J.: 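Okay, here's the structure, questions in a sec.
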There are 2 protein chains.
Amino acid sequence: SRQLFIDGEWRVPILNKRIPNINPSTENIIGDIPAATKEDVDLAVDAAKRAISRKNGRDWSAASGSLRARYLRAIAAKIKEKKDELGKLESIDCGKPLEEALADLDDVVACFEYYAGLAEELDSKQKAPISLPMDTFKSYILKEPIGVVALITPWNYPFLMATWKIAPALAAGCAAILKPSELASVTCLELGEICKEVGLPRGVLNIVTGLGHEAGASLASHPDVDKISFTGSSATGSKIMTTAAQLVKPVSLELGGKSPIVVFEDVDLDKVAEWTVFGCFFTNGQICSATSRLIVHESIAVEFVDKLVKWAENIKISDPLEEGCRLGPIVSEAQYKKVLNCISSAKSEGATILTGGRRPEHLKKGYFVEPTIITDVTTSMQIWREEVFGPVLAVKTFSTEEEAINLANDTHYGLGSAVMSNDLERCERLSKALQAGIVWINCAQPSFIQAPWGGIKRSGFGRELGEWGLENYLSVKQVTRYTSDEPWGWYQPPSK
Amino acid sequence: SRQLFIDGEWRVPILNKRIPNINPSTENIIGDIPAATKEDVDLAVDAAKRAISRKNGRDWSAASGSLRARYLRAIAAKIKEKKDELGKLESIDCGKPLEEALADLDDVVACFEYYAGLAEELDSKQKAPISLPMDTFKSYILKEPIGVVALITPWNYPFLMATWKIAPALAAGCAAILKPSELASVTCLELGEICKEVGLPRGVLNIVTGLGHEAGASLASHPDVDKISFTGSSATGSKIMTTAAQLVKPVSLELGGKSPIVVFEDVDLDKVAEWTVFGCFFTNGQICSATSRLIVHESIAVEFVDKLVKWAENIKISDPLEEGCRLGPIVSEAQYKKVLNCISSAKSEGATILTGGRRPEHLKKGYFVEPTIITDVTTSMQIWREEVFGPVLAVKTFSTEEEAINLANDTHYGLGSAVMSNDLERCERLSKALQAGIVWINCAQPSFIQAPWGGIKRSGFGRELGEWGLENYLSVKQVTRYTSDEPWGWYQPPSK
Ligand SMILES: NC(=O)c1ccc[n+]([C@@H]2O[C@H](COP(=O)([O-])OP(=O)(O)OC[C@H]3O[C@@H](n4cnc5c(N)ncnc54)[C@H](O)[C@@H]3O)[C@@H](O)[C@H]2O)c1
Ligand SMILES: NC(=O)c1ccc[n+]([C@@H]2O[C@H](COP(=O)([O-])OP(=O)(O)OC[C@H]3O[C@@H](n4cnc5c(N)ncnc54)[C@H](O)[C@@H]3O)[C@@H](O)[C@H]2O)c1
Ligand code: NA
Ligand code: NA
C-alpha cells in the first residue's frame, strides 16, 4: 500500500502510525492510510522549498509555462487512462455514487488540461506594460509564483478538490504540499504514483496524509509555507487563518454554506423540482454550495413541495457501485450521527419531517439516510441556520419578492444561491440582490472550470477556478525603470 | 479643532475624551484630536451599514460608477483649492519637509482623479461574458462592492495613505470607516469637512480618530465590517489578521520592509548617490519601502560610499516649514528613541558610523537625527535584519552577481528593491531574482498611481494602486444560467 509522497518517492512516516479507513456503505475497514506528524511535514516543506530554490538546476519557478504545461498534460493523460479504476476507488473512499465519481474524474482531466493551457499562455502575459503620465519612466509587471503552497482539501470531492488547487498552483510555478482529508485519501495518494510515472520533478508535489490536528496543523503553521489554500469547515478555516496570522501569510478560504434557492410561481414545476432536489441531495448532500434552504412562492408551495417529495422518494439508495445508484451513504459514522442529530433537533424544535429522516428499511448496514425534506420551518430554527452536510432540505414560503430576498440573505454565509423563474428580468434583479459568490439562474450546482468560484461573508474569501484560480497562486511584481539620463534633482549636490 | 465624522455629521465622542497633539520639531503640545472609543466605532459602522442598504443602494453602492465619479472629482477639486493649506497642516502634523507634503497633496488630487476615471469605466466591465464549452449554459461576472470597509492608515503619509485606500473604496461603491494614526490625524479630519461641502451621501465615509488599542481594535473586530485594509507595523498587522480570523474577514496588509539597493560598477556614481540617499533618507527615512540596505560592488565601494557621505552631509535639516528643508524631525519621542537605540545597537555589534548617528548641533529641540550611514555591517546584526524607520543606511559589499542577489534576498521582508547598472540585461536578470513586490531599476522610491504597490513575504500581501487598488474593494460574483429547455435528466422522474 501507499506511504507518504515526499521529494519524488514514497516515505514511511517517521513514527510509523496508520489511520483506519472505513467503507461507508458496509462499515468495514477497507484498508488504511499513513498518519503524518510534525517532522514528516517538515520534510515535505523542505522538499518543496528545494524544488523552487535558485540553485536547483530544474528550477520549477524559473521554468517556462509551456514546460510546466507538458507535465500537467501528461498528468491529465495518465489520469484519463485510469478513469474507470480511479472512479471506483473514489466511490469506495468517500461514498458518492459511481456515476458521480466518474464525472469528477472527467473534471479532474479537464482541470489539468485547462491549467496546462493557462500555463502556456502565461509566458505571453509576462512584462505586460503599464502606461505612465511621465516619459522619464517606464513600467511593467511580472507574475511570479507565490512560492511554497499548503493545499488542504475536503473529503466530499477528494480528487477534484485537490485538483482544483494543485493544477493552478503548479501551472503558476509553485511547489505544493497537499493534505487531503483522512476520510478520503486514496485517490490523492494515487496522484503521487502518477507524478512518479510522469517524472514530475522532485518536490514539486508532496502528499502528506493524516489527522487534521497533527499533519494539517503542522503544515499550516510551518514558517516556510508562503500560502495556505483551504476548503473545509468554518471553525477550522478560522483556526488556519489565526495560525497564518502569526507569520502574516496570505490565505484563501472556502468554507461551508447555507445557500438559498428562490423558486417563483412562473415556473415549470417538474423541471425545477429536479434542480432543487439536485441542489440539495447530490453528493449525498455533501456539497459546500448545497442549496439547502428552499424559498418557494406561496401560490405554488404545497404542490411544488409534494412534487419534491415524490422525486426524492424515487431516488435509488444503494451501494455506490450498484447500477442506477442516485444516492450513496454518508462518509463516516461521526458525520452520519451529526446529520441524524440535525433531523432530530428539527423535530424537537417543532418542524415537520415531510419525508425521509431515517435509515432506509432495505439497507441494514452502512451510513444511509433517506432524502429528507423539512417544513414548518421558522427562521430561528437550527435547521435554517446551520449547515447540515446531509441530504436534508429545509423549506420556507414567501408572498413578496422583497420577502424572498430577505429570506435568501438571512444567513452569515454567502457561497452559492439560485433563482428559478421564467421572467429573466426578475432573475437579473435577484442575481444582483443575492449576497453570494455564485448565482445560478434556472439551475443549481454546476461548476464550470472557466468560471470563478468562491464565497463572501462567513463562506470565506478568494476565488478558485478560471483565471482567478491561477491568480490565487501568483503575486504581482511592479518593475519600474528610470529611462532618463537626467539627475533626479531633489537634494542639493555637495560641491564636486 | 474638529470632532468625529459619523453619518455625514460632526459628533463628539460618547465618552468625550481627547488626545494631545505634539509638534515633532518643537516638542510642544500644538492641539488635540477626538479620541473615539468602542461606542463611537459602533455608530460609525452602523452608519456605513445603513449607507449601503439605504434605498436598495441606489444612492451609492448599487448606483452606477459615473455617479460616484462625480463625487470623487468634486472631492479632488476641493483638495486642489486648499492644497497649500493642507500641505502646511500635513507638515506640522507628521514632520515631513513642506515640499514633500506639498508633493503628497498633488498625489492625493491625482489619486481621486484617477479612481474617478476607473469608477466611470466600471459600468462597462459589468456582465463580462465567460466562455463555456456548452450550448446549454451561459455565464458572466458581476463586480460588486465588498460592502463596509475598515481603513487603518499610518502617520508617515497621513493624507496620501488614506487616499490610497478611500478613493478606490468609494469608486467601488463601498462605505468606509477611516481610522487614521493618532500621531497624524489632522488632514484626514479636514477631509470630513470636504465630504460635507461636496454633499457626499451620509455614512459613505466615516472618520474615527483615536488610540490604536481602543478605536483601531474596536473597528478591526466589529462583526459588520466586511473587509479590513491596513498599513502599519508587522506586530499590529499580525494582530489585525488574528482579529479578522475570528469571523473570517478578508484583509490586505502592507507592513514594513528592509529593502535592498544593489549598485553595480557600470554606473554614473553621482546620479546613483542621489537616488540611494533619496531611497533611504526621504520622508525622514520613514518609508515602508525605504532602501535601507546598500549592496555595492567592492571595486567602486570606497568612493561611492564617500560620495554618499558628501550628499548626506549636504542635506539641509531644519523645521519642516523653513525654505530649504530637506530633512525634518522624527514623528515622535518614542520613535526618536527607537531610532537612536538602533544606531547604538549597531555600535554594540561592532559596526562603524561613517556620518550622522546623532542630534544635529544647531537644532537643540525637536526629534531630529542626522542622516546616518553605517558600515562594517554583518548579516547577523540588528541594523541589517530589523526596520529602523529613521534616516539610517546600512552598507554591505559584494563582488559577484550571485553574491549580490543572495544578500539582497537575505531578509524575511519583501516590499521594495532597487537595481543600479547601465547594463539593462543585468537589471532584468536581477529584477527576476529579487524577492519583492516592487523592483526599481536605476532609481528608488517612486510610486505611480497606475502601477500596483504591495509586498510579499512578511511585508504582507494584497495590492493597492492601479486597477489592483480597485479590485481590493470589489468581490467577484459568478452568474450562471441554464438556457436550455431540456430537463436536467440526472434523476428518474416519478411519473406520469
Ligand atoms: N462545508 C465544507 O466546506 C466542508 C468540507 C469538508 C469537510 N467539512 C467538515 O469537516 C468536519 C470534520 O471535522 P473538522 O474538520 O471540523 O475537525 P477534525 O475532525 O479534522 O479535527 C478535530 C479538531 O482538530 C482541529 N483541526 C482540524 N484541522 C486543523 C488544522 N489544519 N489546524 C489547526 N486545527 C485543526 C479542529 O478545529 C477540531 O478542534 C465535518 O463537520 C464537516 O462538516 C466541511
Ligand atoms: N513600517 C510601517 O509600515 C509602519 C508605518 C507606520 C507606523 N509603524 C509603527 O508604528 C509603531 C507605533 O506603535 P504601534 O502601532 O506598534 O502600537 P500603538 O502605539 O498603536 O499601540 C500600542 C499597543 O496597541 C496594539 N494595537 C495598536 N492597534 C491595534 C489594533 N488595531 N488592533 C489590536 N491591537 C492594536 C499594539 O500591538 C501595541 O501592543 C512604531 O513602532 C512604528 O514602527 C510602522
Ligand atoms: Na473513507
Ligand atoms: Na502630530
Side-chain angles (χ1 to χ4, degrees), chain A residues 19-26 28-33 89-96 155 158 180-187 329-333 335 367, chain B residues 19-25 29-33 41 89-96 150 152-158 161 179-187 210-221 228 230-244 253-258 283 285-290 329-332 334-335 337-339 342 367 386-390 413 415 455 459-460:
Chain A
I19 306 151
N21 187 18
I22 315 295
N23 192 140
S25 54
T26 64
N28 292 316
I29 299 174
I30 205 89
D32 53 41
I33 64 277
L89 293 172
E90 194 76 313
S91 287
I92 296 167
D93 205 17
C94 64
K96 72 173 73 205
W155 44 259
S181 162
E182 50 271 52
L183 292 174
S185 272
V186 316
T187 52
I330 304 293
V331 67
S332 74
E333 199 191 345
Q335 280 302 293
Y367 310 128
Chain B
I19 296 161
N21 186 28
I22 308 296
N23 198 136
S25 26
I29 297 163
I30 208 69
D32 66 345
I33 61 159
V41 167
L89 267 33
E90 192 78 318
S91 263
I92 294 166
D93 208 11
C94 81
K96 75 173 68 200
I152 305 177
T153 52
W155 47 256
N156 60 331
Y157 295 90
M161 286 306 139
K179 216 300 275 176
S181 169
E182 54 265 50
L183 293 174
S185 284
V186 171
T187 56
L211 257 27
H213 70 253
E214 287 175 344
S218 299
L219 181 51
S221 55
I228 306 142
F230 174 83
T231 306
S233 63
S234 316
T236 311
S238 188
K239 282 184 176 185
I240 297 298
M241 199 187 170
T242 305
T243 296
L253 314 168
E254 183 192 308
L255 315 174
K258 196 81 200 179
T283 325
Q286 299 161 320
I287 313 163
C288 296
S289 61
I330 305 289
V331 76
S332 72
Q335 278 302 282
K337 262 189 262 196
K338 277 170 186 183
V339 167
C342 281
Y367 313 120
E386 293 304 298
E387 190 183 50
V388 184
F389 228 64
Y413 286 112
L415 179 47
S459 295

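Below, each value reflects all heavy atoms present in this structure, side chains not excepted, and no hydrogens, waters or symmetry copies. Numbering of ligands and ligand atoms starts at 1, following listing order. Protein chains get the first letters and strands the later ones, always in sequence-line order, with residue 1 at the start of each.
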J.: Considering non-hydrogen atoms of the protein only, which is the closest contact for atom 9 (C) of ligand 2, and what is the distance?
T.: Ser233(B) CB, 3.7 Å
J.: Using a strict 4.0 Å cut-off to heavy atoms of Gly216(B), name the atoms of ligand 2 that fall inside it.
T.: 31 (N)
J.: For atom 19 (O) of ligand 2, decide whether some protein heavy-atom distance is shorter than 4.0 Å.
T.: no
J.: Measuring from atom SG of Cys288(B) to atom CG of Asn156(B), what distance do you get when rounded to the nearest 0.5 angstrom?
T.: 5.0 Å
J.: As an exercise, identify every atom of ligand 2 less than 4.0 angstrom from a heavy atom of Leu255(B).
T.: 3 (O)
J.: Who's the nearest protein heavy-atom neighbour of atom 10 (O) of ligand 2, and how far?
T.: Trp155(B) NE1, 4.0 Å
J.: Any protein heavy atom sitting closer than 4.0 Å to atom 22 (C) of ligand 2?
T.: no
J.: Does any N or O in the side chain of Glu182(B) come within less than 3.5 Å of the main-chain N or O of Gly212(B), such that one atom is a donor and the other an acceptor?
T.: yes
J.: Please state which protein non-hydrogen atom is closest to atom 24 (O) of ligand 2 and give its distance, to 0.1 Å?
T.: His213(B) CB, 3.7 Å
J.: Counting heavy atoms only, name the option from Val339(B), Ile152(B), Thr236(B), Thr153(B) that's nearest to atom 14 (P) of ligand 2.
T.: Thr236(B)
J.: For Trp155(A) versus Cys94(A), what's the shortest heavy-atom pair and its separation?
T.: O-CB, 3.4 Å
J.: Kindly confirm whether the Na ion (ligand 4) is within less than 3.0 Å of some N/O/S atom in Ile30(B)?
T.: no
J.: May I ask you to check if ligand 2 and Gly232(B) share an N or O to N or O distance below 3.5 Å?
T.: yes
J.: Enter the distance from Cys342(B):SG to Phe389(B):CZ here, rounded to the nearest 0.5 Å.
T.: 12.0 Å
J.: Under 3.0 Å from the Na ion (ligand 3) - does any N, O or S atom of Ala184(A) fall there?
T.: no
J.: Between atom CG of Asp32(A) and atom CD1 of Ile19(A), what is the distance when rounded to the nearest 0.5 Å?
T.: 9.0 Å
J.: Tell me whether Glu387(B) contacts the main-chain N or O of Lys258(B) through its side chain, where contact means a donor paired with an acceptor under 3.5 Å.
T.: no
J.: Which heavy atom in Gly257(B) sits nearest to a heavy atom in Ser459(B), and how many Å separate them?
T.: CA-OG, 4.1 Å
J.: Within the 4.0 Å heavy-atom shell around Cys288(B), which atoms of ligand 2 are there?
T.: 2 (C), 3 (O)
J.: So is there a nitrogen or oxygen of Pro154(B) less than 3.5 Å from a nitrogen or oxygen in ligand 2?
T.: no
J.: Starting from atom 40 (C) of ligand 2, which protein heavy atom do you reach first, and at what distance in Å?
T.: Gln335(B) NE2, 3.1 Å
J.: Keeping the roles fixed (side chain from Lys179(B), backbone from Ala150(B)), state whether a donor-acceptor pair exists under 3.5 Å.
T.: no
J.: Under 3.5 Å between some N or O of ligand 2 and some N or O of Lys239(B)?
T.: yes
J.: What are the two closest non-hydrogen atoms of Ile92(B) and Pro24(B), and how far apart are they?
T.: O-CD, 3.6 Å
J.: When rounded to the nearest 0.5 angstrom, what is the spacing between OG in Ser91(B) and CG in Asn23(B)?
T.: 9.5 Å
J.: State the atoms of ligand 2, each with its element, that fall below the 4.0 Å cut-off from a heavy-atom position in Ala217(B).
T.: 30 (C), 31 (N), 32 (N), 33 (C)
J.: Could you tell me the separation between the CG atom of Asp93(A) and the CD1 atom of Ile33(A), rounded to the nearest 0.5 Å?
T.: 8.0 Å
J.: Just verifying a value: how many Å separate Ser218(B) OG and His213(B) NE2, rounded to the nearest 0.5 Å?
T.: 9.5 Å
J.: Give the atoms of ligand 2, by number and element, whose distance to some non-hydrogen atom of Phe389(B) is under 4.0 Å.
T.: 1 (N), 2 (C), 4 (C), 5 (C)
J.: Atom 30 (C) of ligand 2: which protein heavy atom is closest, and how many Å away?
T.: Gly212(B) O, 3.5 Å
J.: Taking the side chain as C-beta and beyond, is there a heavy-atom pair between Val331(B) and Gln286(B) under 4.5 Å?
T.: yes
J.: Is the closest protein non-hydrogen atom to atom 3 (O) of ligand 2 under 4.0 Å?
T.: yes
J.: Measure across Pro158(A) and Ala184(A) and return the closest heavy-atom pair with its distance rounded to 0.1 Å.
T.: CG-CB, 3.6 Å
J.: Would atom 28 (N) of ligand 2 count as contacted, meaning some protein heavy atom under 4.0 Å?
T.: yes
J.: If you count the atoms of ligand 2 from 1 in the order shown, which ones are under 4.0 Å from a heavy atom of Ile240(B)?
T.: 30 (C), 31 (N), 32 (N)
J.: Using a 4.0 Å cut-off to any heavy atom of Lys338(B), which atoms of ligand 2 qualify?
T.: 41 (O)
J.: To 10°, measure the OD1(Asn21(B))-the Na ion (ligand 4)-OD1(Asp93(B)) angle for me.
T.: 80°
J.: Is atom 6 (C) of ligand 2 less than 4.0 angstrom from at least one protein heavy atom?
T.: yes
J.: Which of the numbered atoms in ligand 2 are under 4.0 angstrom from any heavy atom belonging to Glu387(B)?
T.: 1 (N)
J.: So which atom in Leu183(A) and which in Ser332(A) form the shortest heavy-atom distance, rounded to 0.1 Å?
T.: CD2-CB, 3.9 Å
